[PDB]
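First up is the structure itself, then whatever we jot down about it.
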Amino acid sequence: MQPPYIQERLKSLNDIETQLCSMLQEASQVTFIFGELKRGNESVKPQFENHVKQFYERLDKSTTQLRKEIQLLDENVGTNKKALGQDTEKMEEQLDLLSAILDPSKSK
Amino acid sequence: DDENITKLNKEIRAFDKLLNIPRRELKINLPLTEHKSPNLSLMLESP
Amino acid sequence: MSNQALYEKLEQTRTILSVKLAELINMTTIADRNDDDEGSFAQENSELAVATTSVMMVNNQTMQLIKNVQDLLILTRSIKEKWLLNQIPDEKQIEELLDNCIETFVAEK
Amino acid sequence: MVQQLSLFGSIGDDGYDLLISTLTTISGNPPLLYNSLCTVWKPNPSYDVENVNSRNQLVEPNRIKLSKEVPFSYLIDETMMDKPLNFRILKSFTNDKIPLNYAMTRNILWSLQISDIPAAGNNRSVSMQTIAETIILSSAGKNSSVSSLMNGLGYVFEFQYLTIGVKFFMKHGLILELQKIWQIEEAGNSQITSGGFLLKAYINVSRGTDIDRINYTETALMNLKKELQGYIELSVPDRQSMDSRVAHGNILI
């Protein structure tokens, strides 16, 4: 499996696009609510401020976190290799098989 | 000196008893009197 | 390189903000404004071309929002792909094992 | 005698570890530790060589290099047997002090080598140098010793130094070396390559007349240099720095 650092990096990226999807959804609801606000019912007027504020705060911190990720790219620089040992490990397992062949009491 | 070359040398040398040429020797001593005991040494090889 | 992506995301964000403010003002004063004072500047001269300019605004804001969001998503995936790809990172027992194996074969051959 | 085609450079020790990894990513081979000891000898000034044809300049006096390998048991102090013998030990070799001192080298007293200034002209992309080499296998007699031999020829000791580094073997006979150099005197040992590693990539050509081979060698060297663009800058050194004749004194280090 990959080293953990890459794991939380990909988790943060996934959070980033989920936040972008949430921003698009909230844009959909604010566009929806503005229609009836133009229609002329004032009951949903208080919800408009909350929706706008949450939309803007969702737009800002997502870009901020992505900026942090791109910054991490800046200092992460400088921080078949398996083949060099690959034959060796193959060697090992083959002899292990011979051991299983060599002992008739373990072939069950 | 370097670890890698010694490691490979060790691993390759581990297989000498299989890769090396087979040999055999048979010594035959014949019981003779007069303290005159001839010896017959036969060594068999597959070069 | 990465700095270019930073700059590109910068105009990406500012374009989102500007087009957001534009569509907000357009839809809020979509109700045309008539003011007798010379200071106000709102002109509706040709009747149906007003609706044409309105659907103009609609199509512009739709295309620009969708394109910007899609570009941002593609940029994020490219970053993740760069993350994945570019980050460059007893003997004696064997002796008696082979001895027993060879003697067993010799006996069995 | 070979035509050696070479390119040079240097790096700071901070990136050292990183550099090593990148090399293994390219060559596909692991580094191998090595060391050496070189002694430079010069013609005796007590003897007047009037045979230098002054009116024609048929030849000019030059300096001889004698090299030998020294076991690591002389370079590892009492604090270092615990670590295995691999490349990481170079990370501890940053001090101007070293276990091998003047007295041991004096007690020691091979490969004999002579060279010439690189080829002139500004249309050369790699440092091309001519080397004449021979090997000394053994000796005997009442004064069998390197010092006595070189005094018999007519040469005297000038100085010496110690190289420690790693080697990378790539395709087409290309050899890449990372070195650290310690000058040694009775006064003490001083690391000239202070806080860094000297990088040298080179190939050897056996016959200077063959030009297809030389063109291939230059192509390989320039391709290698163009591969390492942005990390390390490999450059042709100064032609006047690799001159080792006695009349004029300077030493690329």
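All residue names refer to the structure tokens as shown: chains lettered A, B, ... in order, residues numbered from 1 in each chain, ligands numbered from 1 in order.
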Inset, instruction - May I have the residues within 12 Å of range 30-34 of chain C as a PyMOL selection string, using only C-alpha atoms and disregarding those fewer than 6 positions away in the same chain? - result: (chain A and resi 38) or (chain C and resi 22-24+40-45+47+50-51+53-55+57-58)
Write out the residues from the selection above, keeping N, CA, C and O atoms, as a PDB file, in the first residue's frame.
```
ATOM      1  N   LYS A  38     -38.051  37.030  -5.764  1.00  0.00           N
ATOM      2  CA  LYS A  38     -38.544  37.956  -6.776  1.00  0.00           C
ATOM      3  C   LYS A  38     -40.047  37.820  -6.970  1.00  0.00           C
ATOM      4  O   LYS A  38     -40.708  38.781  -7.374  1.00  0.00           O
TER       5      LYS A  38
ATOM      6  N   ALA C  22     -21.910  40.279 -11.475  1.00  0.00           N
ATOM      7  CA  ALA C  22     -22.605  40.704 -12.682  1.00  0.00           C
ATOM      8  C   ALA C  22     -23.988  40.077 -12.782  1.00  0.00           C
ATOM      9  O   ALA C  22     -24.979  40.776 -13.015  1.00  0.00           O
ATOM     10  N   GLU C  23     -24.085  38.759 -12.585  1.00  0.00           N
ATOM     11  CA  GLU C  23     -25.395  38.126 -12.681  1.00  0.00           C
ATOM     12  C   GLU C  23     -26.304  38.589 -11.548  1.00  0.00           C
ATOM     13  O   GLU C  23     -27.513  38.748 -11.750  1.00  0.00           O
ATOM     14  N   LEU C  24     -25.735  38.844 -10.366  1.00  0.00           N
ATOM     15  CA  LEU C  24     -26.525  39.379  -9.264  1.00  0.00           C
ATOM     16  C   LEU C  24     -27.136  40.723  -9.630  1.00  0.00           C
ATOM     17  O   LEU C  24     -28.350  40.919  -9.494  1.00  0.00           O
ATOM     18  N   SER C  40     -29.087  58.904 -13.366  1.00  0.00           N
ATOM     19  CA  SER C  40     -29.322  57.490 -13.632  1.00  0.00           C
ATOM     20  C   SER C  40     -29.037  57.166 -15.095  1.00  0.00           C
ATOM     21  O   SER C  40     -29.320  57.965 -15.992  1.00  0.00           O
ATOM     22  N   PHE C  41     -28.474  55.979 -15.331  1.00  0.00           N
ATOM     23  CA  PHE C  41     -28.134  55.517 -16.675  1.00  0.00           C
ATOM     24  C   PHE C  41     -28.724  54.119 -16.881  1.00  0.00           C
ATOM     25  O   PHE C  41     -28.065  53.103 -16.648  1.00  0.00           O
ATOM     26  N   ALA C  42     -29.978  54.077 -17.322  1.00  0.00           N
ATOM     27  CA  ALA C  42     -30.661  52.843 -17.680  1.00  0.00           C
ATOM     28  C   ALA C  42     -31.500  53.098 -18.920  1.00  0.00           C
ATOM     29  O   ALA C  42     -32.443  53.895 -18.882  1.00  0.00           O
ATOM     30  N   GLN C  43     -31.161  52.425 -20.016  1.00  0.00           N
ATOM     31  CA  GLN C  43     -31.794  52.657 -21.305  1.00  0.00           C
ATOM     32  C   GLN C  43     -32.415  51.370 -21.824  1.00  0.00           C
ATOM     33  O   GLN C  43     -31.739  50.338 -21.902  1.00  0.00           O
ATOM     34  N   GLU C  44     -33.698  51.437 -22.178  1.00  0.00           N
ATOM     35  CA  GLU C  44     -34.412  50.344 -22.831  1.00  0.00           C
ATOM     36  C   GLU C  44     -35.096  50.924 -24.071  1.00  0.00           C
ATOM     37  O   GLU C  44     -36.257  51.336 -24.038  1.00  0.00           O
ATOM     38  N   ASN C  45     -34.354  50.950 -25.179  1.00  0.00           N
ATOM     39  CA  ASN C  45     -34.811  51.670 -26.362  1.00  0.00           C
ATOM     40  C   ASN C  45     -35.627  50.767 -27.280  1.00  0.00           C
ATOM     41  O   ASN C  45     -36.745  51.116 -27.673  1.00  0.00           O
ATOM     42  N   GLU C  47     -37.571  47.213 -27.843  1.00  0.00           N
ATOM     43  CA  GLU C  47     -38.310  46.474 -26.824  1.00  0.00           C
ATOM     44  C   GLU C  47     -37.821  45.035 -26.689  1.00  0.00           C
ATOM     45  O   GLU C  47     -37.534  44.573 -25.579  1.00  0.00           O
ATOM     46  N   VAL C  50     -34.149  44.007 -25.676  1.00  0.00           N
ATOM     47  CA  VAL C  50     -33.940  43.940 -24.233  1.00  0.00           C
ATOM     48  C   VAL C  50     -33.966  42.491 -23.759  1.00  0.00           C
ATOM     49  O   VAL C  50     -33.080  42.045 -23.017  1.00  0.00           O
ATOM     50  N   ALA C  51     -34.972  41.727 -24.195  1.00  0.00           N
ATOM     51  CA  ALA C  51     -35.028  40.311 -23.845  1.00  0.00           C
ATOM     52  C   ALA C  51     -33.869  39.544 -24.470  1.00  0.00           C
ATOM     53  O   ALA C  51     -33.358  38.581 -23.882  1.00  0.00           O
ATOM     54  N   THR C  53     -30.814  40.731 -24.962  1.00  0.00           N
ATOM     55  CA  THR C  53     -29.669  40.990 -24.098  1.00  0.00           C
ATOM     56  C   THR C  53     -29.805  40.257 -22.767  1.00  0.00           C
ATOM     57  O   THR C  53     -28.807  39.842 -22.166  1.00  0.00           O
ATOM     58  N   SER C  54     -31.037  40.091 -22.287  1.00  0.00           N
ATOM     59  CA  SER C  54     -31.245  39.326 -21.063  1.00  0.00           C
ATOM     60  C   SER C  54     -30.809  37.876 -21.240  1.00  0.00           C
ATOM     61  O   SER C  54     -30.041  37.342 -20.426  1.00  0.00           O
ATOM     62  N   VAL C  55     -31.277  37.221 -22.305  1.00  0.00           N
ATOM     63  CA  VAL C  55     -30.879  35.831 -22.539  1.00  0.00           C
ATOM     64  C   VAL C  55     -29.391  35.754 -22.866  1.00  0.00           C
ATOM     65  O   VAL C  55     -28.730  34.741 -22.601  1.00  0.00           O
ATOM     66  N   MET C  57     -27.161  37.597 -21.220  1.00  0.00           N
ATOM     67  CA  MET C  57     -26.586  37.514 -19.882  1.00  0.00           C
ATOM     68  C   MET C  57     -26.727  36.107 -19.324  1.00  0.00           C
ATOM     69  O   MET C  57     -25.786  35.565 -18.727  1.00  0.00           O
ATOM     70  N   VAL C  58     -27.901  35.498 -19.519  1.00  0.00           N
ATOM     71  CA  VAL C  58     -28.146  34.155 -18.999  1.00  0.00           C
ATOM     72  C   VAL C  58     -27.135  33.171 -19.573  1.00  0.00           C
ATOM     73  O   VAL C  58     -26.478  32.421 -18.835  1.00  0.00           O
TER      74      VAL C  58
END
```
How close does chain B get to chain A? List, as a Markdown table, each residue of chain B within 12 Å, its nearest atom pair and the distance in Å to one decimal, counting only C-alpha atoms.
```
| residue | atom | partner | partner_atom | distance |
| --- | --- | --- | --- | --- |
| B:4 | CA | A:84 | CA | 10.3 |
| B:7 | CA | A:88 | CA | 10.8 |
| B:8 | CA | A:88 | CA | 9.8 |
| B:11 | CA | A:88 | CA | 9.4 |
| B:12 | CA | A:88 | CA | 11.4 |
```
Give me the residues of chain D that have any atom at most 10 Å from an atom of chain B; for each, the nearest atom pair and the distance in Å, rounded to one decimal. Use only C-alpha atoms, sort by chain and number, and format it as a tab-separated table.
```
residue	atom	partner	partner_atom	distance
D:30	CA	B:4	CA	8.2
D:31	CA	B:2	CA	8.7
D:32	CA	B:2	CA	5.8
D:33	CA	B:2	CA	5.7
D:34	CA	B:1	CA	7.9
D:71	CA	B:1	CA	8.5
D:72	CA	B:1	CA	7.8
D:84	CA	B:3	CA	7.5
D:85	CA	B:2	CA	5.9
D:86	CA	B:2	CA	5.5
D:87	CA	B:2	CA	8.0
```
Inset, instruction - Rank D:47, D:16, D:216, D:8 by their smallest atom-to-atom distance to chain A, using only C-alpha atoms, and report the top residue only. - result: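 Ranking D:47, D:16, D:216, D:8 by distance to chain A, first place goes to D:16.
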Inset, instruction - Using CA of residue 87 in chain C and CA of residue 74 in chain A as the two end points, give the distance in Å to one decimal. - result: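 Spanning CA of residue 87 in chain C to CA of residue 74 in chain A is a straight-line distance of 12.3 Å.
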Inset, instruction - Could you please select, counting only C-alpha atoms, the residues of chain C within 9 Å of chain A and state them as a ChimeraX atom specification? - result: /C:2-3,5-6,9,13,28,69,73,76-77,79-80,83-84,87-89,94,97,100-101,104
Selection export as a tab-separated table (two decimals), in the first residue's frame, atoms kept: N, CA, C and O atoms:
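Final output, saved to result13.tsv:
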```tsv
chain	number	residue	atom	x	y	z
C	2	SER	N	3.93	25.08	-11.47
C	2	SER	CA	2.99	25.24	-10.37
C	2	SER	C	2.59	26.70	-10.16
C	2	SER	O	1.44	27.00	-9.82
C	3	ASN	N	3.54	27.63	-10.34
C	3	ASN	CA	3.20	29.04	-10.22
C	3	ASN	C	2.20	29.47	-11.28
C	3	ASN	O	1.31	30.29	-11.02
C	5	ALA	N	-0.10	27.52	-12.53
C	5	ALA	CA	-1.37	27.02	-12.03
C	5	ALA	C	-1.94	27.92	-10.94
C	5	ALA	O	-3.15	28.16	-10.89
C	6	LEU	N	-1.07	28.42	-10.05
C	6	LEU	CA	-1.50	29.37	-9.04
C	6	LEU	C	-2.14	30.59	-9.68
C	6	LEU	O	-3.25	30.99	-9.31
C	9	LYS	N	-5.55	29.73	-11.34
C	9	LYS	CA	-6.60	29.65	-10.34
C	9	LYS	C	-6.95	31.03	-9.79
C	9	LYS	O	-8.09	31.27	-9.39
C	13	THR	N	-10.70	32.36	-9.74
C	13	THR	CA	-11.48	32.85	-8.61
C	13	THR	C	-12.02	34.26	-8.86
C	13	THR	O	-13.19	34.54	-8.57
C	28	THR	N	-31.11	41.40	-10.26
C	28	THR	CA	-31.77	42.27	-9.29
C	28	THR	C	-32.41	43.47	-9.97
C	28	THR	O	-33.58	43.78	-9.72
C	69	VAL	N	-15.91	25.91	-13.24
C	69	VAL	CA	-15.97	24.81	-12.28
C	69	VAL	C	-15.33	23.55	-12.86
C	69	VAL	O	-14.55	22.85	-12.18
C	73	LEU	N	-12.04	21.42	-11.46
C	73	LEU	CA	-12.04	19.98	-11.16
C	73	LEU	C	-10.93	19.26	-11.91
C	73	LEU	O	-10.23	18.40	-11.34
C	76	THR	N	-7.65	19.92	-10.21
C	76	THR	CA	-7.47	19.09	-9.02
C	76	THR	C	-7.06	17.66	-9.37
C	76	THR	O	-6.14	17.10	-8.73
C	77	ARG	N	-7.71	17.07	-10.37
C	77	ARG	CA	-7.33	15.71	-10.75
C	77	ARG	C	-5.89	15.67	-11.27
C	77	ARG	O	-5.15	14.72	-10.99
C	79	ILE	N	-3.45	17.57	-10.35
C	79	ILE	CA	-2.58	17.66	-9.19
C	79	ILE	C	-2.45	16.29	-8.52
C	79	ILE	O	-1.35	15.87	-8.14
C	80	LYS	N	-3.57	15.59	-8.37
C	80	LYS	CA	-3.50	14.28	-7.72
C	80	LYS	C	-2.67	13.30	-8.55
C	80	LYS	O	-1.90	12.50	-8.00
C	83	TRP	N	0.85	13.97	-8.02
C	83	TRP	CA	1.20	13.43	-6.70
C	83	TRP	C	1.53	11.95	-6.78
C	83	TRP	O	2.54	11.50	-6.24
C	84	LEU	N	0.66	11.18	-7.44
C	84	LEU	CA	0.88	9.73	-7.51
C	84	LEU	C	2.13	9.39	-8.31
C	84	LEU	O	2.95	8.56	-7.89
C	87	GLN	N	6.38	11.62	-7.62
C	87	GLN	CA	7.15	11.57	-6.38
C	87	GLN	C	8.01	10.31	-6.37
C	87	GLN	O	7.59	9.22	-5.97
C	88	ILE	N	9.24	10.48	-6.82
C	88	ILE	CA	10.23	9.40	-6.92
C	88	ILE	C	10.70	9.01	-5.52
C	88	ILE	O	11.10	9.88	-4.73
C	89	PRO	N	10.67	7.72	-5.17
C	89	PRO	CA	11.21	7.22	-3.90
C	89	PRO	C	12.73	7.13	-3.92
C	89	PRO	O	13.27	6.11	-4.37
C	94	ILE	N	20.39	-23.27	4.13
C	94	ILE	CA	20.23	-23.54	2.71
C	94	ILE	C	21.17	-24.65	2.28
C	94	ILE	O	20.83	-25.48	1.42
C	97	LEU	N	19.72	-27.87	3.38
C	97	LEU	CA	18.51	-28.06	2.59
C	97	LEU	C	18.84	-28.65	1.22
C	97	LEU	O	18.26	-29.66	0.80
C	100	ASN	N	20.19	-32.32	1.55
C	100	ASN	CA	19.11	-33.30	1.69
C	100	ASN	C	18.34	-33.47	0.39
C	100	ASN	O	17.99	-34.59	0.02
C	101	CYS	N	18.08	-32.37	-0.32
C	101	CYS	CA	17.36	-32.47	-1.59
C	101	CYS	C	18.12	-33.32	-2.59
C	101	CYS	O	17.55	-34.20	-3.25
C	104	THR	N	18.24	-37.01	-1.55
C	104	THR	CA	16.93	-37.61	-1.76
C	104	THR	C	16.70	-37.91	-3.23
C	104	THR	O	16.19	-38.98	-3.58
```
Extract the full set of helix (DSSP H, G or I) residues from range 47-218 of chain D according to DSSP on the backbone, and format it as a CSV table (one decimal) with C-alpha atoms, in the first residue's frame.
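What landed in states_33.csv:
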```csv
chain,number,residue,atom,x,y,z
D,72,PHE,CA,38.9,0.9,4.7
D,73,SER,CA,40.4,-0.5,7.9
D,74,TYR,CA,42.7,2.5,7.8
D,87,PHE,CA,27.6,4.7,1.0
D,88,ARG,CA,25.9,6.3,4.0
D,89,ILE,CA,29.2,6.5,5.8
D,90,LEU,CA,30.1,9.4,3.5
D,91,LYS,CA,27.5,11.4,5.5
D,92,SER,CA,29.9,11.3,8.5
D,102,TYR,CA,50.9,11.6,7.6
D,103,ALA,CA,52.9,8.9,9.4
D,104,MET,CA,50.9,6.0,8.0
D,105,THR,CA,51.3,7.2,4.4
D,106,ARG,CA,55.0,7.7,5.0
D,107,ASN,CA,55.1,4.1,6.2
D,108,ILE,CA,53.3,3.0,3.0
D,146,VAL,CA,58.4,3.4,-4.4
D,147,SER,CA,60.4,6.4,-3.2
D,148,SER,CA,63.7,4.7,-4.1
D,149,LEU,CA,62.3,3.8,-7.5
D,150,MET,CA,61.1,7.3,-8.4
D,151,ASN,CA,64.4,8.7,-7.2
D,152,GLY,CA,66.1,6.3,-9.5
D,153,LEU,CA,64.1,7.5,-12.4
D,171,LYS,CA,25.4,2.0,-20.2
D,172,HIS,CA,28.0,2.5,-23.0
D,173,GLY,CA,30.9,2.5,-20.5
D,211,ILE,CA,36.3,9.1,-34.9
D,212,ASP,CA,33.0,7.3,-35.2
D,213,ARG,CA,33.5,6.0,-31.7
D,214,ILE,CA,34.5,9.5,-30.4
D,215,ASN,CA,31.4,11.0,-32.0
D,216,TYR,CA,29.3,8.3,-30.3
D,217,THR,CA,31.0,9.0,-26.9
D,218,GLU,CA,30.3,12.7,-27.2
```
Inset, instruction - Select residues of chain B: the criterion is any atom within 8 Å of an atom of chain C, counting only C-alpha atoms; output as a list in words. - result: residues 11, 14, 15, 17 and 18 of chain B
Each chain D residue no farther than 10 Å from chain A, nearest pair in Å, only C-alpha atoms, as a tab-separated table:
```
residue	atom	partner	partner_atom	distance
D:15	CA	A:78	CA	7.9
D:17	CA	A:78	CA	9.4
D:18	CA	A:78	CA	6.3
D:19	CA	A:78	CA	8.9
D:22	CA	A:78	CA	9.9
D:24	CA	A:81	CA	7.7
D:25	CA	A:81	CA	7.2
D:26	CA	A:80	CA	9.1
D:27	CA	A:80	CA	9.6
D:28	CA	A:80	CA	6.5
D:29	CA	A:84	CA	7.8
D:30	CA	A:84	CA	8.5
```
